[PDB]
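With the authors' numbering applied, the sequence shown covers 1063 to 1073, 1090 to 1097, 1104 to 1111, 1121 to 1230, 1249 to 1356.
In what follows, a single structure is set out as structure tokens and then discussed.
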Amino acid sequence: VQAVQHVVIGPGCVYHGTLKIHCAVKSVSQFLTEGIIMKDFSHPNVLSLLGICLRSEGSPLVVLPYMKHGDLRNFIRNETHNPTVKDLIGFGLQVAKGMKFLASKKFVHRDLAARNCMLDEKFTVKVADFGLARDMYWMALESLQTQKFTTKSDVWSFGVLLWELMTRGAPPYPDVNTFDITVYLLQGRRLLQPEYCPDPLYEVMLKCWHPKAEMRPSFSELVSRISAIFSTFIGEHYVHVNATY
Ligand SMILES: COC(=O)Nc1nc2ccc(Sc3nnc4ccc(-c5ccc(F)cc5)nn34)cc2[nH]1
């Protein structure tokens, strides 16, 4: 009742909100629950909770920092942007860092994908779509079979997210139907290496998709390996969109 005063800012879909600061605003005891804990999830590569509006009474309103450049998927798809291999790998280093943070908190995302990451005005990537701002506006083999999610299944998802980055936002398995993805994978298949994807980064993808969950890299390992691959590029290789996809 009184231990929530550090989160609450008093006296559905999302809207453009004001306060000068530009925010995005998402339309009661359990509300102060995640409000306080989500407030504790502060990291440069994770979407912050600025606060909650309950007065008087509110929707209540979940208020979040506005992200100048929107979601990562639409950003890389935009034909007027000219990303390099370095930029894209950079985005998929920032996501790994955000996830490393979430995993350290033993928090499982369950729906990691490029559409659920945001980019701000400094081009910092924020892992989003969790906590109160979790909604429907990539799954590991075992998850499709058990409906259980772990950080190890987040890692599988991250591998698919890296594929998205390097294809500039192409739909994964476009000629495949959702009902039979498990059958598809169990035939011995994975997503193809993107034309502009470095061999080592594809090896990283394949590791994220290991059939044994415990053998997939931790996000700490992924941050380490991808920081290395990233450091080798200087931004001379431009990534173009694939005609078929
Ligand atoms: C030029 O893009 C913007 O509108 N800027 C923007 N800043 C935001 C700041 C917070 C939010 S709410 C939120 N919290 N987790 C998620 C995960 C995904 C999306 C999402 C992205 C794309 C899209 F089409 C529809 C939904 N939103 N979202 C939305 C925002 N949109």
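Just so you know, even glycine gets a beta-carbon here, dropped at the ideal spot from N, CA and C.
**Request:** Could you name the residues of the same chain whose beta carbon sits closer than 7 Å to that of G1144, not counting the 5 residues immediately before and after it, in chain order?
**Result:** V1069, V1070, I1071, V1156
**Message:** Distance check for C1107 and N1353, CA to CA, integer angstroms please.
**Reply:** 35 Å
**Prompt:** Using a threshold of 6 Å, is the CB atom of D1265 nearer than that to any non-hydrogen atom of ligand 1?
**Reply:** no
**Item:** 8 Å contact criterion, which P1158 and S1141 should meet: CB distance rounded
**Value:** 6 Å
**Asked** Does any heavy atom of ligand 1 sit closer than 6 Å to the C-beta of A1221?
**Response** yes
**Asked** In chain order, which alpha helix (DSSP H) runs of at least 4 residues are fully inside the segment 1287–1355?
**Response** 1292–1297, 1310–1319, 1330–1342
**Prompt:** Based on the DSSP secondary-structure assignment, which residues constitute the bridge partners of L1205?
**Reply:** Paired residue(s): none; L1205 is not in a bridge.
**Asked** What does DSSP give as the partner residues of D1164 in its beta bridges?
**Response** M1211
**Message:** Contact between the segment 1165–1183 and the segment 1325–1335 is defined here as three or more beta-carbon pairs at a separation below 8 Å; is this criterion met?
**Reply:** no
**Message:** Contact defined as beta carbons within less than 8 Å: I believe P1311 pairs with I1340. What is the distance between those atoms, to the nearest angstrom?
**Reply:** 5 Å
**Asked** Could you give the distance in angstroms between the alpha-carbon of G1191 and the alpha-carbon of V1334?
**Response** 10 Å
**Request:** Indicate, with yes or no, if ligand 1 has a heavy atom lying under 6 Å from the CB of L1205.
**Result:** no
**Prompt:** Just the Cα atoms here: how many angstroms apart are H1174 and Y1349?
**Reply:** 11 Å
**Asked** Which residues in the same chain as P1073 place their Cβ atom closer than 6 Å to its Cβ, once the five residues preceding and following it in sequence are excluded?
**Response** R1148
**Span separating the alpha-carbon of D1213 from that of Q1304** = 28 Å
**Request:** Specify the secondary structure class of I1105 as computed by DSSP and reduced to three states.
**Result:** coil
**Request:** Could you tell me which of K1263, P1137, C1308 sits nearest to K1219, measuring between CA atoms?
**Result:** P1137
**N-terminal and C-terminal residue of the alpha helix (DSSP H) that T1262 is part of** = 1262–1277
**Between the CA atoms of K1104 and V1287 - distance to the nearest angstrom** = 47 Å
**Asked** Rounded C-beta distance between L1165 and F1184? I'm assuming under 8 Å.
**Response** 6 Å
**Request:** Starting from the C-beta of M1131, find all residues in its chain whose C-beta is less than 7 Å away, skip the five residues before and the five after it, and write them out in chain order.
**Result:** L1142, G1224, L1225
**Request:** Return the chain-ordered list of same chain residues with a C-beta closer than 6 Å to the C-beta of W1249, the five sequence neighbours on each side being excluded.
**Result:** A1206, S1268, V1271
**Asked** Which class does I1129 belong to by DSSP, given the choice of helix, strand or coil?
**Response** helix
**Prompt:** Which residue's Cα is closest to the Cα of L1186: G1163, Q1258, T1217, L1125?
**Reply:** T1217
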